[PDB]
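Visitor: Supplied structure: entry_19.txt, compact mmCIF, C-alpha atoms.
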```
# COMPACT_ATOMS: atom_id res chain seq x y z
CA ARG I 1 -22.12 2.67 7.32
CA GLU I 2 -21.41 1.95 3.64
CA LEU I 3 -18.60 3.25 1.49
CA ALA I 4 -20.74 5.65 -0.61
CA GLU I 5 -21.89 7.34 2.61
CA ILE I 6 -18.42 7.41 4.21
CA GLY I 7 -16.89 8.92 1.05
CA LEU I 8 -13.54 7.71 -0.34
CA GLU I 9 -11.72 10.53 1.51
CA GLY I 10 -13.24 9.32 4.82
CA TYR I 11 -12.11 5.73 4.19
CA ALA I 12 -8.55 5.20 5.36
CA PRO I 13 -7.73 2.27 3.04
CA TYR I 14 -8.50 4.44 -0.02
CA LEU I 15 -6.17 7.14 1.20
CA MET I 16 -3.37 4.85 2.31
CA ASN I 17 -3.50 2.73 -0.87
CA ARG I 18 -3.25 5.88 -3.00
CA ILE I 19 -0.49 7.59 -0.98
CA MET I 20 1.57 4.36 -0.91
CA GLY I 21 0.79 3.76 -4.58
CA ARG I 22 2.46 7.08 -5.41
CA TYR I 23 5.37 6.58 -2.93
CA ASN I 24 5.99 3.09 -4.37
CA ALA I 25 5.53 4.23 -7.99
CA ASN I 26 8.15 6.93 -7.49
CA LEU I 27 10.67 4.36 -6.24
CA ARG I 28 9.77 1.96 -9.06
CA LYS I 29 11.02 4.65 -11.46
CA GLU I 30 14.52 4.10 -10.11
CA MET I 31 14.46 0.27 -10.59
CA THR I 32 16.06 -0.19 -14.01
CA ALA I 33 18.45 2.53 -12.88
CA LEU I 34 19.74 0.69 -9.86
CA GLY I 35 19.32 -2.83 -11.28
CA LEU I 36 16.94 -3.39 -8.39
CA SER I 37 13.41 -4.71 -8.17
CA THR I 38 10.79 -3.65 -5.61
CA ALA I 39 11.49 -6.82 -3.60
CA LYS I 40 15.22 -6.01 -3.56
CA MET I 41 14.63 -2.33 -2.67
CA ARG I 42 12.40 -3.35 0.24
CA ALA I 43 14.81 -6.03 1.49
CA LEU I 44 17.81 -3.61 1.46
CA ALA I 45 15.82 -0.94 3.30
CA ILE I 46 14.72 -3.30 6.09
CA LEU I 47 18.24 -4.77 6.36
CA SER I 48 19.70 -1.27 6.58
CA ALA I 49 17.66 -0.73 9.78
CA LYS I 50 18.14 -4.23 11.20
CA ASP I 51 20.57 -6.90 9.99
CA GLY I 52 20.80 -10.70 10.39
CA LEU I 53 17.14 -11.60 9.91
CA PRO I 54 15.55 -14.92 9.16
CA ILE I 55 14.01 -14.81 5.69
CA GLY I 56 10.43 -15.25 6.97
CA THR I 57 10.74 -12.35 9.38
CA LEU I 58 12.33 -10.14 6.67
CA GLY I 59 9.46 -10.92 4.30
CA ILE I 60 6.89 -9.84 6.87
CA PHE I 61 8.70 -6.52 7.61
CA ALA I 62 9.33 -5.89 3.87
CA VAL I 63 5.87 -6.98 2.66
CA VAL I 64 7.35 -9.39 0.12
CA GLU I 65 6.07 -12.92 -0.56
CA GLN I 66 8.65 -15.53 0.48
CA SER I 67 9.46 -17.09 -2.91
CA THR I 68 9.71 -13.61 -4.43
CA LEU I 69 11.95 -12.54 -1.59
CA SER I 70 14.20 -15.64 -1.87
CA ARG I 71 14.81 -14.85 -5.55
CA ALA I 72 15.58 -11.20 -4.66
CA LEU I 73 18.15 -12.26 -2.05
CA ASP I 74 19.70 -14.71 -4.56
CA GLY I 75 20.22 -11.69 -6.87
CA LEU I 76 21.52 -9.42 -4.12
CA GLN I 77 23.94 -12.08 -2.94
CA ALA I 78 25.14 -12.76 -6.51
CA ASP I 79 26.00 -9.05 -6.74
CA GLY I 80 27.79 -9.03 -3.34
CA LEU I 81 25.12 -6.85 -1.66
CA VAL I 82 23.98 -9.32 0.96
CA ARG I 83 25.34 -12.50 2.44
CA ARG I 84 23.45 -15.47 3.88
CA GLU I 85 24.64 -17.88 6.54
CA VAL I 86 23.11 -21.00 8.02
CA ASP I 87 22.16 -21.04 11.69
CA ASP I 88 21.92 -24.34 14.74
CA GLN I 89 18.19 -23.95 13.97
CA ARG I 90 19.00 -25.48 10.50
CA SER I 91 17.81 -22.28 8.74
CA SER I 92 19.47 -19.14 7.26
CA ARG I 93 19.98 -15.48 8.19
CA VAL I 94 20.61 -12.56 5.86
CA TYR I 95 23.17 -9.78 6.43
CA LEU I 96 23.81 -6.53 4.60
CA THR I 97 27.35 -6.17 3.15
CA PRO I 98 29.14 -2.79 2.95
CA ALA I 99 28.58 -2.98 -0.85
CA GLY I 100 24.86 -3.49 -0.19
CA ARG I 101 24.68 -0.54 2.19
CA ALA I 102 26.46 1.65 -0.39
CA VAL I 103 23.74 0.72 -2.92
CA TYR I 104 20.99 1.28 -0.36
CA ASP I 105 22.49 4.70 0.53
CA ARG I 106 22.00 5.75 -3.14
CA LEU I 107 18.34 4.68 -2.98
CA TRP I 108 17.60 6.55 0.28
CA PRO I 109 17.57 10.05 -1.26
CA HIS I 110 14.50 9.10 -3.34
CA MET I 111 12.78 7.54 -0.29
CA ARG I 112 13.61 10.64 1.76
CA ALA I 113 12.39 12.95 -1.02
CA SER I 114 8.98 11.32 -1.12
CA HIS I 115 8.78 11.01 2.71
CA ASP I 116 9.56 14.75 3.04
CA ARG I 117 7.09 15.68 0.31
CA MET I 118 4.23 13.71 1.89
CA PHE I 119 4.84 15.38 5.25
CA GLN I 120 5.18 19.02 3.94
CA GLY I 121 3.51 21.47 6.34
CA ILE I 122 2.58 18.79 8.84
CA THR I 123 3.89 19.75 12.33
CA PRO I 124 6.18 17.47 14.42
CA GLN I 125 3.22 17.15 16.81
CA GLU I 126 0.82 16.04 14.05
CA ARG I 127 3.48 13.61 12.79
CA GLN I 128 4.05 12.14 16.26
CA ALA I 129 0.26 11.67 16.65
CA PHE I 130 0.06 10.13 13.17
CA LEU I 131 2.81 7.59 13.78
CA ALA I 132 1.24 6.70 17.16
CA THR I 133 -2.09 5.96 15.43
CA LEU I 134 -0.40 3.90 12.66
CA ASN I 135 1.43 1.77 15.26
CA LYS I 136 -1.87 1.07 17.01
CA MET I 137 -3.46 0.08 13.66
CA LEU I 138 -0.52 -2.18 12.81
CA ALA I 139 -0.79 -3.89 16.23
CA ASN I 140 -4.51 -4.30 15.58
CA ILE I 141 -4.36 -5.71 12.06
CA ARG I 142 -1.18 -7.78 11.93
CA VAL I 143 -1.21 -11.60 11.80
CA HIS I 144 2.42 -11.92 13.00
CA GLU I 145 3.28 -10.37 16.34
CA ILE I 146 6.46 -8.55 15.29
CA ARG S 1 18.17 11.43 9.46
CA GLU S 2 18.64 7.90 8.09
CA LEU S 3 16.29 4.96 8.28
CA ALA S 4 18.32 2.96 10.86
CA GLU S 5 18.16 5.96 13.22
CA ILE S 6 14.46 6.69 12.57
CA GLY S 7 13.53 3.03 13.18
CA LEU S 8 11.04 1.19 10.94
CA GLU S 9 8.20 1.98 13.39
CA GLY S 10 9.01 5.72 13.09
CA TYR S 11 8.93 5.58 9.28
CA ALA S 12 5.40 6.00 7.98
CA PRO S 13 5.92 4.19 4.65
CA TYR S 14 6.97 1.02 6.51
CA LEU S 15 3.85 1.11 8.63
CA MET S 16 1.44 2.00 5.84
CA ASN S 17 2.90 -0.59 3.42
CA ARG S 18 2.53 -3.30 6.07
CA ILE S 19 -0.99 -2.33 7.24
CA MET S 20 -2.21 -2.09 3.61
CA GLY S 21 -0.36 -5.30 2.75
CA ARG S 22 -2.45 -7.12 5.36
CA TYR S 23 -5.73 -5.31 4.44
CA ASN S 24 -5.14 -6.13 0.75
CA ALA S 25 -3.99 -9.71 1.47
CA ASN S 26 -7.19 -10.36 3.41
CA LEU S 27 -9.31 -9.22 0.46
CA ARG S 28 -7.17 -11.23 -1.98
CA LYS S 29 -8.30 -14.33 -0.07
CA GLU S 30 -11.82 -13.73 -1.35
CA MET S 31 -10.77 -13.41 -5.06
CA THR S 32 -11.25 -16.94 -6.38
CA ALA S 33 -14.40 -16.94 -4.28
CA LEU S 34 -16.01 -13.98 -5.97
CA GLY S 35 -14.44 -14.54 -9.40
CA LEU S 36 -12.86 -11.14 -8.91
CA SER S 37 -9.31 -9.87 -9.19
CA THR S 38 -7.78 -7.06 -7.13
CA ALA S 39 -8.26 -4.66 -10.07
CA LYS S 40 -11.95 -5.63 -10.29
CA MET S 41 -12.47 -5.37 -6.50
CA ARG S 42 -10.92 -1.89 -6.49
CA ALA S 43 -12.92 -0.72 -9.51
CA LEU S 44 -16.26 -1.90 -8.02
CA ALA S 45 -15.49 -0.23 -4.68
CA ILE S 46 -14.67 3.15 -6.26
CA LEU S 47 -17.72 2.91 -8.57
CA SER S 48 -19.94 2.09 -5.60
CA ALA S 49 -19.00 5.50 -4.10
CA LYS S 50 -19.04 7.44 -7.37
CA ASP S 51 -20.40 6.27 -10.74
CA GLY S 52 -19.86 7.36 -14.37
CA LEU S 53 -16.10 7.90 -14.32
CA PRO S 54 -13.67 8.20 -17.16
CA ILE S 55 -11.32 5.22 -17.11
CA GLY S 56 -8.21 7.33 -16.39
CA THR S 57 -9.79 8.99 -13.38
CA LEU S 58 -11.06 5.61 -12.07
CA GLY S 59 -7.56 4.15 -12.36
CA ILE S 60 -6.08 6.96 -10.30
CA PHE S 61 -8.72 6.60 -7.52
CA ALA S 62 -8.46 2.77 -7.60
CA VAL S 63 -4.64 2.61 -7.86
CA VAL S 64 -4.80 0.32 -10.91
CA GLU S 65 -2.63 0.67 -14.02
CA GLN S 66 -4.73 1.60 -17.07
CA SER S 67 -4.24 -1.51 -19.23
CA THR S 68 -4.85 -3.71 -16.18
CA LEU S 69 -7.95 -1.71 -15.37
CA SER S 70 -9.28 -1.87 -18.98
CA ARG S 71 -9.05 -5.68 -18.89
CA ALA S 72 -10.83 -5.73 -15.49
CA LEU S 73 -13.70 -3.60 -16.84
CA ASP S 74 -13.93 -5.86 -19.92
CA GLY S 75 -14.47 -8.78 -17.50
CA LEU S 76 -16.94 -6.90 -15.31
CA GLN S 77 -18.92 -5.79 -18.33
CA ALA S 78 -18.94 -9.33 -19.79
CA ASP S 79 -20.51 -10.48 -16.51
CA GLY S 80 -23.10 -7.65 -16.51
CA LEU S 81 -21.54 -5.87 -13.49
CA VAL S 82 -20.63 -2.63 -15.18
CA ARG S 83 -21.58 -0.89 -18.38
CA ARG S 84 -19.52 1.50 -20.51
CA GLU S 85 -20.81 4.25 -22.77
CA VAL S 86 -19.07 6.62 -25.13
CA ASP S 87 -19.15 10.34 -24.42
CA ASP S 88 -19.01 13.96 -27.09
CA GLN S 89 -15.39 13.99 -25.83
CA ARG S 90 -14.88 10.80 -27.97
CA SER S 91 -14.01 8.76 -24.84
CA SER S 92 -15.88 6.34 -22.49
CA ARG S 93 -17.43 6.40 -19.01
CA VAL S 94 -18.05 3.44 -16.71
CA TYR S 95 -21.22 2.86 -14.66
CA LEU S 96 -22.07 0.33 -11.98
CA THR S 97 -25.08 -1.92 -12.78
CA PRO S 98 -27.46 -3.18 -10.07
CA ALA S 99 -25.88 -6.65 -10.61
CA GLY S 100 -22.45 -5.08 -10.01
CA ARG S 101 -23.59 -3.35 -6.83
CA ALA S 102 -25.06 -6.65 -5.57
CA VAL S 103 -21.62 -8.27 -6.07
CA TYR S 104 -19.85 -5.32 -4.45
CA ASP S 105 -22.26 -5.49 -1.47
CA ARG S 106 -21.07 -9.09 -0.84
CA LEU S 107 -17.43 -7.90 -0.85
CA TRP S 108 -18.03 -5.00 1.58
CA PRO S 109 -18.39 -7.15 4.71
CA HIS S 110 -14.74 -8.26 4.34
CA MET S 111 -13.59 -4.65 3.73
CA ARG S 112 -15.61 -3.49 6.74
CA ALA S 113 -14.25 -6.33 8.90
CA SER S 114 -10.66 -5.34 8.24
CA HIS S 115 -11.43 -1.58 8.52
CA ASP S 116 -13.09 -2.19 11.92
CA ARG S 117 -10.26 -4.42 13.09
CA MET S 118 -7.55 -1.88 12.20
CA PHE S 119 -9.40 0.86 14.09
CA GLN S 120 -10.19 -1.19 17.28
CA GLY S 121 -9.82 0.99 20.40
CA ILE S 122 -9.01 4.12 18.43
CA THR S 123 -11.39 6.96 19.47
CA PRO S 124 -13.58 8.89 16.97
CA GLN S 125 -11.38 11.90 17.78
CA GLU S 126 -8.14 10.03 16.99
CA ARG S 127 -9.75 8.71 13.78
CA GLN S 128 -10.88 12.19 12.70
CA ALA S 129 -7.33 13.50 13.31
CA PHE S 130 -5.86 10.54 11.43
CA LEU S 131 -8.03 11.00 8.35
CA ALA S 132 -7.26 14.76 8.38
CA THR S 133 -3.52 14.01 8.34
CA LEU S 134 -3.89 11.39 5.55
CA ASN S 135 -5.83 13.88 3.38
CA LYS S 136 -3.04 16.43 3.82
CA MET S 137 -0.44 13.79 2.86
CA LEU S 138 -2.45 12.77 -0.21
CA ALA S 139 -2.73 16.43 -1.30
CA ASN S 140 1.02 16.73 -0.78
CA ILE S 141 2.14 13.62 -2.65
CA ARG S 142 -0.34 13.19 -5.49
CA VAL S 143 0.59 13.83 -9.14
CA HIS S 144 -3.07 14.23 -10.26
CA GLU S 145 -5.12 16.91 -8.56
CA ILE S 146 -8.23 14.83 -7.81
```
Using the file provided, produce a representation of the structure as structure tokens.
Guide:
Amino acid sequence: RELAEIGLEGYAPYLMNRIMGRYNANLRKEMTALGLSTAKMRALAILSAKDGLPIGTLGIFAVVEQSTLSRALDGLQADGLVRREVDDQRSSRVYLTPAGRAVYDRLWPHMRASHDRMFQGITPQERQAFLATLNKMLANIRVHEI
Amino acid sequence: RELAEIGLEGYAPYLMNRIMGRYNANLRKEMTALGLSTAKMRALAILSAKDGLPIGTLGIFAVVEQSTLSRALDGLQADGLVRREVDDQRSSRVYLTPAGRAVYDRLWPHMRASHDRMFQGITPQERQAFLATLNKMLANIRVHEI
């Protein structure tokens, strides 16, 4: 019932926090290199998969607090990597520019390298099963139904 | 090959970052309540499972940067929740006090609540398979062999 009894290696949050800690740490290394923060790296990645998002929705997908994300977008826009336009819902949507995708495409090899490392010697069947379980857990835990 | 094609929901780091973001966010809510920071919450949890750790090892298990962790332990010790002793390896080890375990035991219900929520309607067999895959991924990705 209690954590001592379960063991850290039988407690999914321990494992996931540590795996993601290393994945994230590895990308952090490339920050000063790309002139990008974590918030910016996350925003570009999400936008590369799906463009034209309201800020609030982007922040939920990216796991970035809204004020932190707004500052990140200000920076990305200043550098020509994203553009923002007002809706008539009196709000704004964010779009990836070709310059922004070019920058994102130079980040992807590090994301891919860590993704491929973490999955070494795990079969396509085990991966499929893994992703299915994660999607169920995300549906279960999430506060926002997206 | 690329993220757009994979889809966010087929990309494990997106899912794990978001699930952990919510798990962690939920615990953060209880911070000001317990007079505890994230670093302290993580340190108590790890120590509750295994006591008498060198700082460096604790920081790796807890996913807390060393200076941040040292400050957290200073606070926990000041409040009688942990104790530190020097080795003859001229370094120090950290131990949970009964007061510290009492505090940790009042944090656990929130950890358990989120753990149980995330696993709702996932069978013991699916969970077993999930944890097996996570352990493989941790072995694959980790820089420190512990």
Visitor: How would chain I read as a PDB file with C-alpha atoms, in the frame of the given file once least-squares superposed on chain S using all paired C-alpha atoms?
Guide:
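Dumped to out_37.pdb:
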```pdb
ATOM      1  CA  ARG I   1      18.161  11.428   9.465  1.00  0.00           C
ATOM      2  CA  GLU I   2      18.643   7.901   8.089  1.00  0.00           C
ATOM      3  CA  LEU I   3      16.294   4.960   8.285  1.00  0.00           C
ATOM      4  CA  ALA I   4      18.321   2.961  10.862  1.00  0.00           C
ATOM      5  CA  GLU I   5      18.156   5.956  13.219  1.00  0.00           C
ATOM      6  CA  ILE I   6      14.461   6.687  12.573  1.00  0.00           C
ATOM      7  CA  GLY I   7      13.534   3.029  13.175  1.00  0.00           C
ATOM      8  CA  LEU I   8      11.040   1.189  10.935  1.00  0.00           C
ATOM      9  CA  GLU I   9       8.205   1.984  13.389  1.00  0.00           C
ATOM     10  CA  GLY I  10       9.015   5.724  13.090  1.00  0.00           C
ATOM     11  CA  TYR I  11       8.933   5.582   9.278  1.00  0.00           C
ATOM     12  CA  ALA I  12       5.404   6.003   7.977  1.00  0.00           C
ATOM     13  CA  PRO I  13       5.916   4.187   4.648  1.00  0.00           C
ATOM     14  CA  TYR I  14       6.969   1.010   6.509  1.00  0.00           C
ATOM     15  CA  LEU I  15       3.852   1.113   8.626  1.00  0.00           C
ATOM     16  CA  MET I  16       1.447   1.997   5.842  1.00  0.00           C
ATOM     17  CA  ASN I  17       2.897  -0.585   3.424  1.00  0.00           C
ATOM     18  CA  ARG I  18       2.525  -3.299   6.073  1.00  0.00           C
ATOM     19  CA  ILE I  19      -0.987  -2.333   7.238  1.00  0.00           C
ATOM     20  CA  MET I  20      -2.208  -2.088   3.615  1.00  0.00           C
ATOM     21  CA  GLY I  21      -0.360  -5.294   2.754  1.00  0.00           C
ATOM     22  CA  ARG I  22      -2.449  -7.121   5.361  1.00  0.00           C
ATOM     23  CA  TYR I  23      -5.727  -5.311   4.441  1.00  0.00           C
ATOM     24  CA  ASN I  24      -5.136  -6.131   0.751  1.00  0.00           C
ATOM     25  CA  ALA I  25      -3.992  -9.707   1.471  1.00  0.00           C
ATOM     26  CA  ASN I  26      -7.188 -10.356   3.412  1.00  0.00           C
ATOM     27  CA  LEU I  27      -9.306  -9.220   0.455  1.00  0.00           C
ATOM     28  CA  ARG I  28      -7.167 -11.230  -1.976  1.00  0.00           C
ATOM     29  CA  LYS I  29      -8.301 -14.335  -0.070  1.00  0.00           C
ATOM     30  CA  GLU I  30     -11.817 -13.726  -1.349  1.00  0.00           C
ATOM     31  CA  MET I  31     -10.771 -13.409  -5.051  1.00  0.00           C
ATOM     32  CA  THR I  32     -11.250 -16.940  -6.382  1.00  0.00           C
ATOM     33  CA  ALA I  33     -14.404 -16.940  -4.275  1.00  0.00           C
ATOM     34  CA  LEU I  34     -16.007 -13.984  -5.966  1.00  0.00           C
ATOM     35  CA  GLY I  35     -14.441 -14.545  -9.404  1.00  0.00           C
ATOM     36  CA  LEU I  36     -12.860 -11.141  -8.909  1.00  0.00           C
ATOM     37  CA  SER I  37      -9.315  -9.875  -9.192  1.00  0.00           C
ATOM     38  CA  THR I  38      -7.784  -7.054  -7.132  1.00  0.00           C
ATOM     39  CA  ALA I  39      -8.265  -4.664 -10.071  1.00  0.00           C
ATOM     40  CA  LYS I  40     -11.953  -5.626 -10.292  1.00  0.00           C
ATOM     41  CA  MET I  41     -12.466  -5.376  -6.503  1.00  0.00           C
ATOM     42  CA  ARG I  42     -10.927  -1.896  -6.484  1.00  0.00           C
ATOM     43  CA  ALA I  43     -12.917  -0.713  -9.517  1.00  0.00           C
ATOM     44  CA  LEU I  44     -16.264  -1.898  -8.016  1.00  0.00           C
ATOM     45  CA  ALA I  45     -15.493  -0.225  -4.687  1.00  0.00           C
ATOM     46  CA  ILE I  46     -14.679   3.153  -6.265  1.00  0.00           C
ATOM     47  CA  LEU I  47     -17.718   2.910  -8.574  1.00  0.00           C
ATOM     48  CA  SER I  48     -19.932   2.096  -5.597  1.00  0.00           C
ATOM     49  CA  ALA I  49     -19.000   5.500  -4.101  1.00  0.00           C
ATOM     50  CA  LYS I  50     -19.042   7.442  -7.376  1.00  0.00           C
ATOM     51  CA  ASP I  51     -20.394   6.272 -10.738  1.00  0.00           C
ATOM     52  CA  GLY I  52     -19.861   7.357 -14.370  1.00  0.00           C
ATOM     53  CA  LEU I  53     -16.101   7.901 -14.313  1.00  0.00           C
ATOM     54  CA  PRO I  54     -13.664   8.204 -17.155  1.00  0.00           C
ATOM     55  CA  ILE I  55     -11.316   5.218 -17.108  1.00  0.00           C
ATOM     56  CA  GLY I  56      -8.206   7.332 -16.396  1.00  0.00           C
ATOM     57  CA  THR I  57      -9.795   8.985 -13.386  1.00  0.00           C
ATOM     58  CA  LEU I  58     -11.056   5.603 -12.071  1.00  0.00           C
ATOM     59  CA  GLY I  59      -7.557   4.143 -12.367  1.00  0.00           C
ATOM     60  CA  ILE I  60      -6.081   6.958 -10.300  1.00  0.00           C
ATOM     61  CA  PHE I  61      -8.722   6.597  -7.518  1.00  0.00           C
ATOM     62  CA  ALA I  62      -8.452   2.762  -7.593  1.00  0.00           C
ATOM     63  CA  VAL I  63      -4.641   2.603  -7.870  1.00  0.00           C
ATOM     64  CA  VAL I  64      -4.805   0.326 -10.909  1.00  0.00           C
ATOM     65  CA  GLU I  65      -2.629   0.667 -14.026  1.00  0.00           C
ATOM     66  CA  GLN I  66      -4.738   1.598 -17.066  1.00  0.00           C
ATOM     67  CA  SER I  67      -4.237  -1.508 -19.230  1.00  0.00           C
ATOM     68  CA  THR I  68      -4.847  -3.706 -16.184  1.00  0.00           C
ATOM     69  CA  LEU I  69      -7.947  -1.714 -15.378  1.00  0.00           C
ATOM     70  CA  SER I  70      -9.283  -1.871 -18.976  1.00  0.00           C
ATOM     71  CA  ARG I  71      -9.046  -5.675 -18.884  1.00  0.00           C
ATOM     72  CA  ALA I  72     -10.827  -5.725 -15.488  1.00  0.00           C
ATOM     73  CA  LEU I  73     -13.695  -3.603 -16.834  1.00  0.00           C
ATOM     74  CA  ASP I  74     -13.924  -5.859 -19.927  1.00  0.00           C
ATOM     75  CA  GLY I  75     -14.472  -8.780 -17.498  1.00  0.00           C
ATOM     76  CA  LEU I  76     -16.937  -6.900 -15.309  1.00  0.00           C
ATOM     77  CA  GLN I  77     -18.922  -5.790 -18.334  1.00  0.00           C
ATOM     78  CA  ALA I  78     -18.937  -9.331 -19.788  1.00  0.00           C
ATOM     79  CA  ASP I  79     -20.516 -10.481 -16.511  1.00  0.00           C
ATOM     80  CA  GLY I  80     -23.108  -7.644 -16.510  1.00  0.00           C
ATOM     81  CA  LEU I  81     -21.547  -5.874 -13.488  1.00  0.00           C
ATOM     82  CA  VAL I  82     -20.625  -2.628 -15.184  1.00  0.00           C
ATOM     83  CA  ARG I  83     -21.580  -0.890 -18.381  1.00  0.00           C
ATOM     84  CA  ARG I  84     -19.527   1.499 -20.512  1.00  0.00           C
ATOM     85  CA  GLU I  85     -20.812   4.247 -22.769  1.00  0.00           C
ATOM     86  CA  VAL I  86     -19.073   6.623 -25.135  1.00  0.00           C
ATOM     87  CA  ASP I  87     -19.157  10.346 -24.421  1.00  0.00           C
ATOM     88  CA  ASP I  88     -19.006  13.965 -27.091  1.00  0.00           C
ATOM     89  CA  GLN I  89     -15.393  13.992 -25.824  1.00  0.00           C
ATOM     90  CA  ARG I  90     -14.878  10.804 -27.971  1.00  0.00           C
ATOM     91  CA  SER I  91     -14.012   8.757 -24.838  1.00  0.00           C
ATOM     92  CA  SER I  92     -15.878   6.348 -22.488  1.00  0.00           C
ATOM     93  CA  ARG I  93     -17.428   6.393 -19.008  1.00  0.00           C
ATOM     94  CA  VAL I  94     -18.051   3.448 -16.707  1.00  0.00           C
ATOM     95  CA  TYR I  95     -21.228   2.864 -14.664  1.00  0.00           C
ATOM     96  CA  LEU I  96     -22.068   0.328 -11.983  1.00  0.00           C
ATOM     97  CA  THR I  97     -25.077  -1.923 -12.785  1.00  0.00           C
ATOM     98  CA  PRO I  98     -27.461  -3.188 -10.067  1.00  0.00           C
ATOM     99  CA  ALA I  99     -25.876  -6.649 -10.614  1.00  0.00           C
ATOM    100  CA  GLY I 100     -22.453  -5.081 -10.014  1.00  0.00           C
ATOM    101  CA  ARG I 101     -23.586  -3.357  -6.829  1.00  0.00           C
ATOM    102  CA  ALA I 102     -25.055  -6.654  -5.567  1.00  0.00           C
ATOM    103  CA  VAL I 103     -21.620  -8.270  -6.068  1.00  0.00           C
ATOM    104  CA  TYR I 104     -19.855  -5.321  -4.450  1.00  0.00           C
ATOM    105  CA  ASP I 105     -22.269  -5.489  -1.469  1.00  0.00           C
ATOM    106  CA  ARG I 106     -21.063  -9.088  -0.834  1.00  0.00           C
ATOM    107  CA  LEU I 107     -17.436  -7.899  -0.853  1.00  0.00           C
ATOM    108  CA  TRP I 108     -18.037  -4.995   1.571  1.00  0.00           C
ATOM    109  CA  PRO I 109     -18.384  -7.153   4.709  1.00  0.00           C
ATOM    110  CA  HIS I 110     -14.737  -8.257   4.343  1.00  0.00           C
ATOM    111  CA  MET I 111     -13.592  -4.651   3.730  1.00  0.00           C
ATOM    112  CA  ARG I 112     -15.616  -3.498   6.742  1.00  0.00           C
ATOM    113  CA  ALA I 113     -14.248  -6.335   8.895  1.00  0.00           C
ATOM    114  CA  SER I 114     -10.660  -5.339   8.241  1.00  0.00           C
ATOM    115  CA  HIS I 115     -11.429  -1.579   8.518  1.00  0.00           C
ATOM    116  CA  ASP I 116     -13.089  -2.183  11.921  1.00  0.00           C
ATOM    117  CA  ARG I 117     -10.254  -4.416  13.100  1.00  0.00           C
ATOM    118  CA  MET I 118      -7.554  -1.874  12.201  1.00  0.00           C
ATOM    119  CA  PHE I 119      -9.401   0.862  14.086  1.00  0.00           C
ATOM    120  CA  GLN I 120     -10.188  -1.188  17.289  1.00  0.00           C
ATOM    121  CA  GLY I 121      -9.818   0.991  20.399  1.00  0.00           C
ATOM    122  CA  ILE I 122      -9.013   4.117  18.430  1.00  0.00           C
ATOM    123  CA  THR I 123     -11.391   6.961  19.468  1.00  0.00           C
ATOM    124  CA  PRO I 124     -13.583   8.892  16.963  1.00  0.00           C
ATOM    125  CA  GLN I 125     -11.378  11.901  17.775  1.00  0.00           C
ATOM    126  CA  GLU I 126      -8.141  10.029  16.985  1.00  0.00           C
ATOM    127  CA  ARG I 127      -9.749   8.712  13.784  1.00  0.00           C
ATOM    128  CA  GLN I 128     -10.881  12.186  12.699  1.00  0.00           C
ATOM    129  CA  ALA I 129      -7.329  13.504  13.319  1.00  0.00           C
ATOM    130  CA  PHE I 130      -5.863  10.535  11.432  1.00  0.00           C
ATOM    131  CA  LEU I 131      -8.031  11.003   8.355  1.00  0.00           C
ATOM    132  CA  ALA I 132      -7.266  14.758   8.385  1.00  0.00           C
ATOM    133  CA  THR I 133      -3.516  14.004   8.337  1.00  0.00           C
ATOM    134  CA  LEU I 134      -3.894  11.391   5.543  1.00  0.00           C
ATOM    135  CA  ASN I 135      -5.825  13.882   3.374  1.00  0.00           C
ATOM    136  CA  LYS I 136      -3.045  16.433   3.827  1.00  0.00           C
ATOM    137  CA  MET I 137      -0.436  13.792   2.855  1.00  0.00           C
ATOM    138  CA  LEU I 138      -2.454  12.769  -0.204  1.00  0.00           C
ATOM    139  CA  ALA I 139      -2.732  16.432  -1.299  1.00  0.00           C
ATOM    140  CA  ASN I 140       1.019  16.730  -0.782  1.00  0.00           C
ATOM    141  CA  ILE I 141       2.139  13.619  -2.644  1.00  0.00           C
ATOM    142  CA  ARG I 142      -0.339  13.191  -5.488  1.00  0.00           C
ATOM    143  CA  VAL I 143       0.583  13.833  -9.141  1.00  0.00           C
ATOM    144  CA  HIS I 144      -3.067  14.224 -10.256  1.00  0.00           C
ATOM    145  CA  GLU I 145      -5.116  16.909  -8.555  1.00  0.00           C
ATOM    146  CA  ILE I 146      -8.223  14.830  -7.813  1.00  0.00           C
TER     147      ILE I 146
END
```
Visitor: Quick one: distance from atom CA of residue I:137 to atom CA of residue S:22 in Å, one decimal?
Guide: 11.0 Å
Visitor: What lies within 10 Å of stretch 30-43 of chain I using only C-alpha atoms, ignoring chain neighbours under 6 positions off, as a list in words?
Guide: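 Those residues are residues 24, 55, 58, 59, 61, 62, 63, 64, 65, 68, 69, 70, 71, 72, 73, 74, 75, 76, 82, 94, 96, 103, 104, 106, 107, 108 and 110 of chain I; 14 of chain S.
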Visitor: Based on the selection just made, write C-alpha atoms of those residues as a compact mmCIF listing (two decimals), keeping the file's coordinate frame.
Guide:
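Once written, out_11.txt looks like this:
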```
# COMPACT_ATOMS: atom_id res chain seq x y z
CA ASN I 24 5.99 3.09 -4.37
CA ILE I 55 14.01 -14.81 5.69
CA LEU I 58 12.33 -10.14 6.67
CA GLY I 59 9.46 -10.92 4.30
CA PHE I 61 8.70 -6.52 7.61
CA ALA I 62 9.33 -5.89 3.87
CA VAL I 63 5.87 -6.98 2.66
CA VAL I 64 7.35 -9.39 0.12
CA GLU I 65 6.07 -12.92 -0.56
CA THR I 68 9.71 -13.61 -4.43
CA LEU I 69 11.95 -12.54 -1.59
CA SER I 70 14.20 -15.64 -1.87
CA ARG I 71 14.81 -14.85 -5.55
CA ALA I 72 15.58 -11.20 -4.66
CA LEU I 73 18.15 -12.26 -2.05
CA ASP I 74 19.70 -14.71 -4.56
CA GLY I 75 20.22 -11.69 -6.87
CA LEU I 76 21.52 -9.42 -4.12
CA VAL I 82 23.98 -9.32 0.96
CA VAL I 94 20.61 -12.56 5.86
CA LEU I 96 23.81 -6.53 4.60
CA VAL I 103 23.74 0.72 -2.92
CA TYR I 104 20.99 1.28 -0.36
CA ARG I 106 22.00 5.75 -3.14
CA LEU I 107 18.34 4.68 -2.98
CA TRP I 108 17.60 6.55 0.28
CA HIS I 110 14.50 9.10 -3.34
CA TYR S 14 6.97 1.02 6.51
```
